[PDB]
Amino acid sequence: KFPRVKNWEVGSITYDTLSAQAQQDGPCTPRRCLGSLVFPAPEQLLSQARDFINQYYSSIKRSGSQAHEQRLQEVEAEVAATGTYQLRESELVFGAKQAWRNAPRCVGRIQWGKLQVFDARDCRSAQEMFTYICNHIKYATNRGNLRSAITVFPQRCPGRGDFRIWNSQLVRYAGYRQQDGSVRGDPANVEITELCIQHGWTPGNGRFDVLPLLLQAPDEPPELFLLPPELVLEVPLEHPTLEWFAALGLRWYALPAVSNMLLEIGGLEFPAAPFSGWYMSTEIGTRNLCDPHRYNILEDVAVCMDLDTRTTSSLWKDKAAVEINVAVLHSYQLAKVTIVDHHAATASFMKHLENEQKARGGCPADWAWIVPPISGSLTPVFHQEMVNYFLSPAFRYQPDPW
């Protein structure tokens, strides 16, 4: 009835009873697994809300109390009267933490309870929106001692359009399509860069130009905002023992702040709720810098290293990527900016898995996203079978507003 899950490093076995409670449905069938795919009404508002309030009163040990049944009636009454309902502040804080706790592709979830929730549900315009965001960046960055934070903007509601942040992260480097089809800067941000220029951003011509924010208030076009330079903490990349490395002129930013996901809590939808943590070195070193469709620096580094790039069996790619990652950790530690390496990160995820197994009887985890993109079987999560399922509250992908 419940999936049996083996740990092959230790021999451990557990059963994931929490999987049985999966509130929504994923893309696999008994026919065919699609696990590897990146992108897989009053009645049903009431049931989602009822489940969430039940979770909330579970977490405060008031299950089935007077206050519990009063809240249930309050929400039903409000759904009948208005078609929606409003979260209390403590419910919002709990729901945003749960959403992080439930995110299956997050290796950083050992921290889920230490999340700083900024309530911006009273936000009114794109301008007030930008101020809230600047303060989030400032709080989360914290001069290099990064802190996990989420800012929750007003919920989707009938009659009004959504608050949206068009940028996928608060800090992104421009991607300038040049005349042939070769991108200068970050190729993943080609589209959002064009939108910025089309909305009157004066573009630069560097590889590391920070993009402006395109911020959409309800039923308004998007509005462009420049992030103050001294709010965007950045890290020039150098290598502890390859001194030509600094002449590559590579940089990355301190704050990974995902800004295009929808936060769902008890049926309510928050299309704008940017959250930020701190980086794992392989996101920057392996993925952002070596992905053939991103900065794609791997061969240029290998050539500088005097590796033989004419045969693959010399493993020049593995050697060059390892040093790129070394350079990222060293550089961040030098700059005194929070960073975790994939070994530290995957070991603490194992502790998370053990905490969650005791607390809820399992843990949604997407193995292919939890296993780092280099040195996979050298980390303990590689040898841990995982069960992937969708719990709510949740962060979800949503279509781009344009």
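The term rigid core refers to the maximal set of C-alpha atoms that superpose within 1.5 Å between the two forms. Residues carry their position along the shown sequence, with the first being 1.
Note on 366-374 and 24-32: with rigid core alignment, C-alpha atoms in 8 other deposited structures of this protein sit farther from this form for 24-32. A fit on the rigid core, followed by a root mean square over CA positions in 8 other deposited structures of this protein, ranks 280-288 against 173-181 and picks 173-181 as the more shifted one. When the other compared entries with both flanking residues are checked, residue 41 is unmodelled in at least a third. Unmodelled residues of the deposited sequence between neighbouring positions residue 376 and residue 377 number none; the chain is continuous. When the mean C-alpha temperature factors of 105-113 and 152-160 are read from the deposited coordinates, 152-160 comes out higher.
Looking at mean Cα B-factors across 9-17 and 386-394, the upper value is held by 9-17. Comparing the C-alpha B-factors of 201, 275, 94, 139 in the entry, the top value falls on 201. The PDB entry assigns its highest CA temperature factor, among 338, 346, 54, 36, to 54.
When the modelled residues of the chain are ordered by C-alpha B-factor, residue 368 sits in the lowest third.
In the PDB entry, residue 256 places in the lowest third of its chain by CA B-factor. When the CA B factors of the chain's modelled residues are split into thirds, the value for residue 283 lands in the lowest one. For residue 90, the recorded CA B-factor ranks within the middle third of the chain. Only modelled residues enter the ranking. The entry lists a Cα temperature factor for residue 118 that places it in the middle third of the chain's modelled residues.
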